[PDB]
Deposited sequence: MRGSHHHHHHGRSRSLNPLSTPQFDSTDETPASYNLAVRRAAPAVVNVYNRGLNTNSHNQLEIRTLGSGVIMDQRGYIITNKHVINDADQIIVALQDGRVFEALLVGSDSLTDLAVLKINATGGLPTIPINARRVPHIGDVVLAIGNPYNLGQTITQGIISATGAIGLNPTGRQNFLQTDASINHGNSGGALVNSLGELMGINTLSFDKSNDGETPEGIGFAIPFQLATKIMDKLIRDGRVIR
């Protein structure tokens, strides 16, 4: 009949770029075409072998670029091939309180909510060990933050961008 209210647009626009992290004898986000992926520290602590899994079926072995114990963030590196799904980033967008946000983690689950505060970034979107290290995007799909660990916490994409660049030293 008509159009059901949905945020699927932001899903098919951001979800592809979110991956799953594993250990061969956690969540992650594809930042740029170079193949850099932001995740969490507690996800890679004592990692024998880091593995990345895309939604399209592709599987990679990830390289630990570096981590930051302060913000619990970590950067990974995979062999950038032809055609990588990257997380939509908008450095001009200013996260206002009340903005609708989706939390993308892991089975690939999508929770809905809003920006509670911007003190870090608080959100009422269901966060857990599954989506810990996943993405946080607005209705447009623009990355607002990186989920961390009755209210959830993420790291502003602005900050995460900086920290990522510094870990590449």
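Counting the deposited sequence from 1, the stretches lacking C-alpha coordinates are 1 to 27, 53 to 66, 148 to 151, 165 to 175, 206 to 217, 238 to 243.
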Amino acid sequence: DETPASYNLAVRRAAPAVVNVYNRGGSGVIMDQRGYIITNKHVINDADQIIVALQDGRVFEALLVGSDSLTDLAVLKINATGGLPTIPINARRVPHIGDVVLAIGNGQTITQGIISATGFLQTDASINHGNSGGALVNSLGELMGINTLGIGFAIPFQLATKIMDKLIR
From here on, numbers count along this sequence of modelled residues.
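We call the rigid core the largest set of C-alpha positions that still match within 1.5 Å between the two forms.
Between 97 to 105 and 128 to 136, the larger root mean square Cα shift in 4 other deposited structures of this protein, once each structure is superposed on the rigid core, falls on 128 to 136. The higher RMS C-alpha distance to the shown form in 4 other deposited structures of this protein, out of 1 to 9 and 158 to 166, belongs to 1 to 9, with every structure fitted on the core.
Averaged over CA atoms, B-factors in the entry run higher in 44 to 52 than in the other of 130 to 138 and 44 to 52.
Just going by the entry, 32 to 40 versus 64 to 72 on mean CA temperature factor gives the higher value to 64 to 72. Of the candidates 159, 149, 10, 17, the deposited coordinates give 149 the top C-alpha B factor. Split the chain's modelled residues into thirds by C-alpha temperature factor. Residue 87 is in the lowest one. Looking at the C-alpha B-factors along this chain, the one for residue 123 belongs to the lowest third.
When the modelled residues of the chain are ordered by their C-alpha B factor, residue 57 lands in the middle third. Residue 113: CA B factor in the lowest third of modelled residues in this chain (values from the PDB entry). In the deposited entry, the Cα temperature factor of residue 78 sits in the middle third of values across the chain's modelled residues.
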